[PDB]
$ cat upload23.cif   # mmCIF, C-alpha atoms; chains and numbers go by the auth columns
data_protein
#
loop_
_atom_site.group_PDB
_atom_site.id
_atom_site.type_symbol
_atom_site.label_atom_id
_atom_site.label_comp_id
_atom_site.label_asym_id
_atom_site.label_seq_id
_atom_site.Cartn_x
_atom_site.Cartn_y
_atom_site.Cartn_z
_atom_site.B_iso_or_equiv
_atom_site.auth_seq_id
_atom_site.auth_asym_id
ATOM 1 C CA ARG A 1 16.105 -4.379 2.912 0.00 112 W
ATOM 2 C CA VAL A 2 12.910 -3.910 0.908 0.00 113 W
ATOM 3 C CA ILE A 3 10.260 -2.098 2.952 0.00 114 W
ATOM 4 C CA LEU A 4 6.667 -2.182 1.724 0.00 115 W
ATOM 5 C CA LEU A 5 4.941 1.005 2.840 0.00 116 W
ATOM 6 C CA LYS A 6 1.547 1.059 4.532 0.00 117 W
ATOM 7 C CA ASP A 7 0.001 2.165 1.225 0.00 118 W
ATOM 8 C CA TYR A 8 1.125 -0.893 -0.738 0.00 119 W
ATOM 9 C CA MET A 9 -1.497 -3.397 -1.888 0.00 120 W
ATOM 10 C CA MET A 10 -0.110 -6.465 -3.635 0.00 121 W
ATOM 11 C CA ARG A 11 -1.485 -6.763 -7.179 0.00 122 W
ATOM 12 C CA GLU A 12 1.353 -8.473 -9.074 0.00 123 W
ATOM 13 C CA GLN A 13 3.367 -11.683 -8.901 0.00 124 W
ATOM 14 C CA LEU A 14 7.071 -11.687 -8.032 0.00 125 W
ATOM 15 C CA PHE A 15 8.928 -14.390 -9.974 0.00 126 W
ATOM 16 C CA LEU A 16 12.571 -15.033 -9.080 0.00 127 W
ATOM 17 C CA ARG A 17 14.552 -17.672 -10.964 0.00 128 W
ATOM 18 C CA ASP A 18 18.244 -18.489 -10.433 0.00 129 W
ATOM 19 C CA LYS A 19 18.851 -15.455 -8.205 0.00 130 W
ATOM 20 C CA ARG A 20 21.189 -15.921 -5.224 0.00 131 W
ATOM 21 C CA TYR A 21 19.373 -13.462 -2.967 0.00 132 W
ATOM 22 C CA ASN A 22 20.679 -14.630 0.392 0.00 133 W
ATOM 23 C CA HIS A 23 21.027 -11.115 1.794 0.00 134 W
ATOM 24 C CA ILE A 24 17.767 -9.432 0.756 0.00 135 W
ATOM 25 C CA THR A 25 15.015 -9.175 3.356 0.00 136 W
ATOM 26 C CA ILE A 26 11.439 -8.086 2.660 0.00 137 W
ATOM 27 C CA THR A 27 9.724 -6.200 5.482 0.00 138 W
ATOM 28 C CA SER A 28 6.439 -4.322 5.753 0.00 139 W
ATOM 29 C CA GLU A 29 5.427 -1.385 7.920 0.00 140 W
ATOM 30 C CA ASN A 30 2.162 -3.279 8.382 0.00 141 W
ATOM 31 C CA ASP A 31 1.767 -6.632 10.094 0.00 142 W
ATOM 32 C CA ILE A 32 -0.203 -8.084 7.160 0.00 143 W
ATOM 33 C CA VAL A 33 0.271 -7.490 3.433 0.00 144 W
ATOM 34 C CA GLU A 34 -3.005 -7.952 1.580 0.00 145 W
ATOM 35 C CA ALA A 35 -3.108 -9.583 -1.854 0.00 146 W
ATOM 36 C CA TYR A 36 -5.703 -8.325 -4.324 0.00 147 W
ATOM 37 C CA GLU A 37 -6.517 -9.387 -7.883 0.00 148 W
ATOM 38 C CA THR A 38 -3.260 -9.792 -9.785 0.00 149 W
ATOM 39 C CA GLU A 39 -3.195 -7.897 -13.075 0.00 150 W
ATOM 40 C CA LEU A 40 -1.518 -10.647 -15.127 0.00 151 W
ATOM 41 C CA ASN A 41 -2.271 -14.311 -14.393 0.00 152 W
ATOM 42 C CA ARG A 42 1.023 -16.185 -14.745 0.00 153 W
ATOM 43 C CA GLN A 43 0.675 -19.851 -13.791 0.00 154 W
ATOM 44 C CA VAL A 44 3.426 -22.423 -13.247 0.00 155 W
ATOM 45 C CA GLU A 45 2.707 -26.097 -13.902 0.00 156 W
ATOM 46 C CA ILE A 46 4.303 -28.637 -11.562 0.00 157 W
ATOM 47 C CA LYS A 47 5.290 -31.873 -13.317 0.00 158 W
ATOM 48 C CA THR A 48 4.848 -34.398 -10.512 0.00 159 W
ATOM 49 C CA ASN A 49 2.930 -37.663 -9.989 0.00 160 W
ATOM 50 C CA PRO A 50 -0.239 -35.607 -9.466 0.00 161 W
ATOM 51 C CA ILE A 51 -0.167 -32.763 -12.001 0.00 162 W
ATOM 52 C CA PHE A 52 -1.498 -29.535 -10.496 0.00 163 W
ATOM 53 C CA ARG A 53 -1.235 -26.036 -11.967 0.00 164 W
ATOM 54 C CA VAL A 54 -0.604 -23.218 -9.493 0.00 165 W
ATOM 55 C CA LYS A 55 -0.656 -19.420 -9.718 0.00 166 W
ATOM 56 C CA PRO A 56 1.826 -18.191 -7.089 0.00 167 W
ATOM 57 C CA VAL B 1 6.872 36.331 9.206 0.00 57 A
ATOM 58 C CA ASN B 2 5.841 33.083 10.896 0.00 58 A
ATOM 59 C CA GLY B 3 2.232 33.883 10.023 0.00 59 A
ATOM 60 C CA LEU B 4 3.174 34.249 6.366 0.00 60 A
ATOM 61 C CA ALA B 5 5.043 30.935 6.513 0.00 61 A
ATOM 62 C CA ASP B 6 1.998 29.261 8.068 0.00 62 A
ATOM 63 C CA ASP B 7 -0.211 30.639 5.294 0.00 63 A
ATOM 64 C CA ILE B 8 2.134 29.164 2.690 0.00 64 A
ATOM 65 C CA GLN B 9 2.076 25.821 4.516 0.00 65 A
ATOM 66 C CA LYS B 10 -1.730 25.876 4.586 0.00 66 A
ATOM 67 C CA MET B 11 -1.575 26.447 0.836 0.00 67 A
ATOM 68 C CA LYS B 12 0.638 23.367 0.480 0.00 68 A
ATOM 69 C CA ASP B 13 -1.892 21.365 2.488 0.00 69 A
ATOM 70 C CA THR B 14 -4.825 22.577 0.387 0.00 70 A
ATOM 71 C CA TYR B 15 -3.068 21.656 -2.855 0.00 71 A
ATOM 72 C CA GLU B 16 -2.212 18.187 -1.546 0.00 72 A
ATOM 73 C CA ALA B 17 -5.802 17.674 -0.384 0.00 73 A
ATOM 74 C CA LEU B 18 -7.102 18.647 -3.824 0.00 74 A
ATOM 75 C CA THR B 19 -4.663 16.371 -5.653 0.00 75 A
ATOM 76 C CA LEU B 20 -5.323 13.445 -3.269 0.00 76 A
ATOM 77 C CA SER B 21 -8.148 12.252 -5.556 0.00 77 A
ATOM 78 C CA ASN B 22 -6.153 9.804 -7.688 0.00 78 A
ATOM 79 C CA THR B 23 -4.238 8.111 -4.885 0.00 79 A
ATOM 80 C CA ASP B 24 -5.137 5.502 -2.297 0.00 80 A
ATOM 81 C CA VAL B 25 -4.836 5.659 1.479 0.00 81 A
ATOM 82 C CA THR B 26 -4.372 3.451 4.550 0.00 82 A
ATOM 83 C CA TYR B 27 -5.307 4.774 7.990 0.00 83 A
ATOM 84 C CA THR B 28 -4.262 2.694 10.994 0.00 84 A
ATOM 85 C CA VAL B 29 -6.348 2.830 14.179 0.00 85 A
ATOM 86 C CA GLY B 30 -4.744 1.864 17.464 0.00 86 A
ATOM 87 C CA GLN B 31 -2.425 3.019 20.205 0.00 87 A
ATOM 88 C CA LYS B 32 0.476 3.549 17.781 0.00 88 A
ATOM 89 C CA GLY B 33 -1.660 4.223 14.709 0.00 89 A
ATOM 90 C CA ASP B 34 -2.471 7.396 12.833 0.00 90 A
ATOM 91 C CA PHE B 35 -5.734 7.897 14.744 0.00 91 A
ATOM 92 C CA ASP B 36 -6.447 7.048 18.369 0.00 92 A
ATOM 93 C CA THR B 37 -9.992 5.715 17.907 0.00 93 A
ATOM 94 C CA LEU B 38 -12.237 4.744 15.015 0.00 94 A
ATOM 95 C CA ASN B 39 -14.430 7.769 15.718 0.00 95 A
ATOM 96 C CA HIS B 40 -11.492 10.103 15.074 0.00 96 A
ATOM 97 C CA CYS B 41 -10.570 8.360 11.818 0.00 97 A
ATOM 98 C CA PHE B 42 -14.014 8.779 10.263 0.00 98 A
ATOM 99 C CA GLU B 43 -14.237 12.340 11.557 0.00 99 A
ATOM 100 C CA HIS B 44 -11.085 13.059 9.556 0.00 100 A
ATOM 101 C CA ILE B 45 -12.381 11.236 6.470 0.00 101 A
ATOM 102 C CA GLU B 46 -15.654 13.176 6.523 0.00 102 A
ATOM 103 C CA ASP B 47 -13.613 16.399 6.526 0.00 103 A
ATOM 104 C CA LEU B 48 -11.641 15.575 3.366 0.00 104 A
ATOM 105 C CA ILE B 49 -12.351 18.076 0.600 0.00 105 A
ATOM 106 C CA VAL B 50 -11.893 15.464 -2.148 0.00 106 A
ATOM 107 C CA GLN B 51 -12.404 11.766 -1.472 0.00 107 A
ATOM 108 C CA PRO B 52 -9.374 9.686 -2.528 0.00 108 A
ATOM 109 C CA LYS B 53 -9.644 6.761 -4.902 0.00 109 A
ATOM 110 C CA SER B 54 -9.807 4.094 -2.181 0.00 110 A
ATOM 111 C CA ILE B 55 -9.451 4.500 1.585 0.00 111 A
#

$ encode --input "upload23.cif" --output "structure tokens"
Amino acid sequence: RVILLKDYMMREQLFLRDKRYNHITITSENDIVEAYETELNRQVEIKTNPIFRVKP
Amino acid sequence: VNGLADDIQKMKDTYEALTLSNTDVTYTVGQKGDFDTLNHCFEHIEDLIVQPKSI
């Protein structure tokens, strides 16, 4: 169980690839977790009939 | 002896208040929050010796 404290402000991107994380749960002491300007802009391009680049 | 212990605890609190400058805070107002009403929360903030980086 990963608990984000009330002081945490999201400023980075979490990228998981090929990780079988069935068990992990992410919970916050707050109802809403705000997302501010990410330090490093990592974008993933989706190769689909319409091509659209996303920063998740 | 309890008075001496309370003085030492007040010293802990003063040091933490001084070092609070380079951290950030998050006060929750509500029934179950840190402060009962918004008026209390900004009465506490106005009393801070050193203003933190971002409340």

$ closest_residue --input "upload23.cif" --among "W:140, W:123, W:118, W:150" --to "chain A" --atoms "only C-alpha atoms"
W:118

$ closest_residue --input "upload23.cif" --among "W:148, W:156, W:122, W:113" --to "residue 135 of chain W" --atoms "only C-alpha atoms"
W:113

$ residues_near_point --input "upload23.cif" --point "(7.7, -16.0, -6.7)" --cutoff "12 Å" --atoms "only C-alpha atoms" --output "mmCIF file with C-alpha atoms, in the coordinates of the input"
data_model
loop_
_atom_site.group_PDB
_atom_site.id
_atom_site.type_symbol
_atom_site.label_atom_id
_atom_site.label_comp_id
_atom_site.auth_asym_id
_atom_site.auth_seq_id
_atom_site.Cartn_x
_atom_site.Cartn_y
_atom_site.Cartn_z
ATOM 1 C CA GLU W 123 1.353 -8.473 -9.074
ATOM 2 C CA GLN W 124 3.367 -11.683 -8.901
ATOM 3 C CA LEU W 125 7.071 -11.687 -8.032
ATOM 4 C CA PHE W 126 8.928 -14.390 -9.974
ATOM 5 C CA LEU W 127 12.571 -15.033 -9.080
ATOM 6 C CA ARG W 128 14.552 -17.672 -10.964
ATOM 7 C CA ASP W 129 18.244 -18.489 -10.433
ATOM 8 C CA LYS W 130 18.851 -15.455 -8.205
ATOM 9 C CA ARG W 153 1.023 -16.185 -14.745
ATOM 10 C CA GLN W 154 0.675 -19.851 -13.791
ATOM 11 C CA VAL W 155 3.426 -22.423 -13.247
ATOM 12 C CA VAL W 165 -0.604 -23.218 -9.493
ATOM 13 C CA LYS W 166 -0.656 -19.420 -9.718
ATOM 14 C CA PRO W 167 1.826 -18.191 -7.089
#

$ resolve_selection --input "upload23.cif" --expression "the PyMOL selection byres ((chain A) within 8 of (chain W))" --output "PyMOL selection string"
chain A and resi 80-82

$ atom_distance --input "upload23.cif" --atom1 "atom CA of residue 69 of chain A" --atom2 "atom CA of residue 101 of chain A"
15.1 Å

$ closest_residue --input "upload23.cif" --among "W:164, W:121, W:133, W:159" --to "residue 146 of chain W" --atoms "only C-alpha atoms"
W:121

$ residues_around --input "upload23.cif" --residues "residue 115 of chain W" --least-positions-apart "5" --cutoff "8 Å" --atoms "only C-alpha atoms" --output "NGL selection string"
:W and (137-140)

$ write_last_selection --input "upload23.cif" --atoms "C-alpha atoms" --output "JSON list (two decimals), in the frame of the given file"
[["chain", "number", "residue", "atom", "x", "y", "z"],
["W", 137, "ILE", "CA", 11.44, -8.09, 2.66],
["W", 138, "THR", "CA", 9.72, -6.20, 5.48],
["W", 139, "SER", "CA", 6.44, -4.32, 5.75],
["W", 140, "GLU", "CA", 5.43, -1.38, 7.92]]

$ build_atoms --input "upload23.cif" --residues "segment 66-78 of chain A" --atoms "N, CA and C atoms" --output "compact mmCIF listing (two decimals), keeping the file's coordinate frame"
# COMPACT_ATOMS: atom_id res chain seq x y z
N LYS A 66 -0.32 26.20 4.79
CA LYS A 66 -1.73 25.88 4.59
C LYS A 66 -2.04 25.74 3.11
N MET A 67 -1.40 26.57 2.28
CA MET A 67 -1.58 26.45 0.84
C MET A 67 -1.04 25.11 0.32
N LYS A 68 0.13 24.70 0.82
CA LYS A 68 0.64 23.37 0.48
C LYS A 68 -0.38 22.30 0.83
N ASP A 69 -0.94 22.38 2.04
CA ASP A 69 -1.89 21.36 2.49
C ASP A 69 -3.14 21.35 1.62
N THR A 70 -3.64 22.52 1.24
CA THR A 70 -4.82 22.58 0.39
C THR A 70 -4.55 21.96 -0.97
N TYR A 71 -3.38 22.25 -1.56
CA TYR A 71 -3.07 21.66 -2.86
C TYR A 71 -2.96 20.14 -2.76
N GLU A 72 -2.31 19.64 -1.70
CA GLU A 72 -2.21 18.19 -1.55
C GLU A 72 -3.59 17.56 -1.36
N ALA A 73 -4.46 18.20 -0.58
CA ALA A 73 -5.80 17.67 -0.38
C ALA A 73 -6.57 17.63 -1.70
N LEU A 74 -6.43 18.66 -2.53
CA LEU A 74 -7.10 18.65 -3.82
C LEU A 74 -6.56 17.55 -4.72
N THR A 75 -5.24 17.36 -4.74
CA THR A 75 -4.66 16.37 -5.65
C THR A 75 -4.78 14.94 -5.13
N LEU A 76 -5.21 14.77 -3.88
CA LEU A 76 -5.32 13.44 -3.27
C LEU A 76 -6.31 12.52 -3.98
N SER A 77 -7.04 13.02 -4.98
CA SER A 77 -8.15 12.25 -5.56
C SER A 77 -7.68 10.93 -6.16
N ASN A 78 -6.57 10.95 -6.90
CA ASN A 78 -6.15 9.80 -7.69
C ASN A 78 -5.15 8.91 -6.98
